[PDB]
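Below are two forms of the same protein chain, given as structure tokens: structure 1, then structure 2.
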Structure 1
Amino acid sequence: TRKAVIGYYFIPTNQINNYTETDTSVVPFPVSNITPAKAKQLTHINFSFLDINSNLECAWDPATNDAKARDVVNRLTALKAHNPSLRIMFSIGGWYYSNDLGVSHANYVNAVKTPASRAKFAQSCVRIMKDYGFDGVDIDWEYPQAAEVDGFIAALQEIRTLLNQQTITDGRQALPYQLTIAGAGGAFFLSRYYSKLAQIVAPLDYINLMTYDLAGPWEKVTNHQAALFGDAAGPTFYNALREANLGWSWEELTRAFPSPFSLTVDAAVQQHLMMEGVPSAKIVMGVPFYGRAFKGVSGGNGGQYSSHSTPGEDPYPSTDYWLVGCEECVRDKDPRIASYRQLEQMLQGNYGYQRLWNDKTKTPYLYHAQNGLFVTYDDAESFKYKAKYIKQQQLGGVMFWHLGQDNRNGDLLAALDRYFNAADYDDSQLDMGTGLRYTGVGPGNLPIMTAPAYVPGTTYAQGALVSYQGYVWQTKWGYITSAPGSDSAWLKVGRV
């Protein structure tokens, strides 16, 4: 089965309203830059972003010129001429619209609140899909809180029901309409809904993990934003999942959620696989096509794990564009983010950057020793290890933000496609290194074990193992006369 390759196409309202394929000052990345070769390397394009309005319906931003929007979307769906498996999804939400303090947050909360509201919202999603010609629905609410999760789930179930009906009505068995979400890739936000992951992922084709932005100027210590594995020399974090609303025991929580821990891509993936009912095949690893830049860093680690002086707030609360060589940063008025395209040009421009490699995290970084700058980013090399991980862990594929940030040759997308599909690419000896793996164990990833069947009537000592109702259990203390499941003395430690 082919791995998914899901690329975001983000276009702001003002670029739609002034869309041209002839002026990168106005539209830096028009649809024309998605060549047939690139269209064939994608399985999905997530057009972004739509929103939920005051009427609790899916909708375009009210300032959108609808004729221009339709034309942009038609250009994207025309790419299917080059790739009969390609789907143009649309994404609802994103940080700006749907974060707790964002402009439309209340509409997300209220849309999912009732049977009537969920039905109206779900219908509106399918209507948008059909009217503009999209191939599925992606929801990027960042992020539902605990009390909202059940309504969120029910809304997803309702969309699934309509989409399946629409597939049959439209003859689309060969390319069914799909439903995805963008999920948190770090434990703090994930702990909002982690306990209900199984019910969240049941109606979905994929959950696309945002396994990036794991570092940024809002943290006091510079770090890799998408480390695959952990580096003991780097910062560690409170494991927020041990506070999730799971109902588990102290021993269960402790063995599943070591704390502090390394905030890495492997952590997020393994934390999802620890839950029963979450299939590896639905998990999609997100990767960034951009880096995050920091100023005021010190030496001794190439800029890693240093204090810094980078403002954390949004929008960038300054006019000082200190990322030397970053013309896109001046255009966009933020030196703290740079596309891979721009970073490549900064590297070939002799601006004083060194490209370094951390072989524990398996990620590159830039250090500017003259000016004290650090940039965490991904490239075709880090993507080798991530793609091997996706294959070994039997994940559904890869997602990235976003297409406009690749270089003009499409090298990052071409790399991902190569690592999954090229017949002359062989990563059998790629060394995944000795960086820290996430070691938590939970009900969904218990080791297979054997043990004598439990016998009613028997008194068991501390540490005894038995099999019962399909699991292997271990006593936590002595003189146990109760059966596994029926008494808190037993810990589930294996699968039969």
Structure 2
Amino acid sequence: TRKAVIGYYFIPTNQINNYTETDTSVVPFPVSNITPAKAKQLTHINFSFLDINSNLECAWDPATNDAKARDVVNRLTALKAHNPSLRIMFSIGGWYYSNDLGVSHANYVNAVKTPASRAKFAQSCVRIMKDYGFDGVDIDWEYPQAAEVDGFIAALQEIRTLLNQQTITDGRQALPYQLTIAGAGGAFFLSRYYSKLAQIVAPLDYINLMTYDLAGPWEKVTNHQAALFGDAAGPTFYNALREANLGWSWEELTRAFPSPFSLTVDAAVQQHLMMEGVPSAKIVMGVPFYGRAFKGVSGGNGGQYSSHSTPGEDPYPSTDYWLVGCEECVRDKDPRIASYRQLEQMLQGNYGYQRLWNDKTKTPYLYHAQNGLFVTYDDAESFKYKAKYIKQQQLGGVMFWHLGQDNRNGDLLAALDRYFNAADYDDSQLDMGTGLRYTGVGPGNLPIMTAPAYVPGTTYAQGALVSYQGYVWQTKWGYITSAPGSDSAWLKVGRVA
């Protein structure tokens, strides 16, 4: 099956209202930059962002000129002429609108509350989808938690029912309407809804993991924002999943959630796979088309894992733009983030950056010895390891944020497409390295094991293994006279064939 390549097309309301394809100072990345070749390299474009209004229906930001919005969307759907597999999805939410303290958070919580609110909301998603010409619905609520998860699940199930009916009504069986969500790529936010992942993923075609932003100014030590595997030399973190409402024993929690652990892309993917009923084919690995920069770093390890003096507030509080050579940073007023396009230009501008590589995390980084800067980002090389991982782990594909940050030739997107589909690319001998793998095992994804059947009336010593009612169990202490499952003394450690 072809791997998904899902690219976000993000355009702020002011750019839609003043949309033009001949002035990059107004619209830096118009749709015309997406050529037929690039359209063929994508399977999905996630147009972003729509929101949920106070009437609890999907809607465009009220400040949007509707004609101009339809025109931008039309330019995207016109790309379908070049690729009969391409879908132009629309994404509802995003951090700004849906985070706990975001402008529209309450609308997300309230829209998923009751059967009636969920029906009205779901109907509105399909109406916007058909009215504007989109091919599916993507929901990026960052992130539901607690008492909101059951409502969220039921809302997704309702949208799925409505989309499936629309597919039949429209005779779209050859390119059925789809439903996806953007999911957390790190344990802290993932812990909000982790316990119910199987129900969340059931109605979806894909769950697109935001497996980036795993390092940033909000952290004390500089680190790679999207390390594939872990570097024992780098910082480690508290495994928040150990605190999710799972109903697992201390041993089960400890085995599933090693802590501290390396916050990496492999950790997020493996954490999803540890849950019963979450298929690998629905998991999509997100990658960043931008880098994160830090100032005030020490030398020694190329700026890696160093203390730094980078402001964490949002927006960037100062007027000081210290990422040398990054003029895009001046335009956007923040020296802490730079598009791959810009970072590549900085490497061709003889500005004093060294492009370095960490062979454990399989990611590149920039180090500016003279000014003490460190930049963590991804490129065509790190994507070879990530694409190989997607293939080996049988994942659904790749998602990225965002199209406008690729260079002018679309090299990062071309690389991803190449690694999945080019007959002349051969990664059979690509060495995945010895970086740290996530080794948790969940009571939901135990290995096949074999042991003698439990014999009632027998007393077992500590460490004894038996098979009983579909699983292999091990005793945690001695003189065990109880049957497995029926008490605290036994630990499920494997599944019976």
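Structure 1 provides the reference sequence; residues are numbered from 1 along it. In this text, rigid core is short for the largest set of C-alphas that superpose within 1.5 Å between two forms.
The two forms, fitted on the rigid core, differ between structure 1 and structure 2 by 2 Å or more at the CA of residue 490. Once the rigid core is overlaid between structure 1 and structure 2, residue 28 does not reach a Cα shift of 2 Å, moving by less than that. The smaller of the two rigid parts, set against the larger, turns by 8° between structure 1 and structure 2.
At residue 418, the distance the Cα travels between structure 1 and structure 2 is 0.3 Å after the core is superposed. Core superposition places the Cα of residue 459 3.8 Å apart between structure 1 and structure 2.
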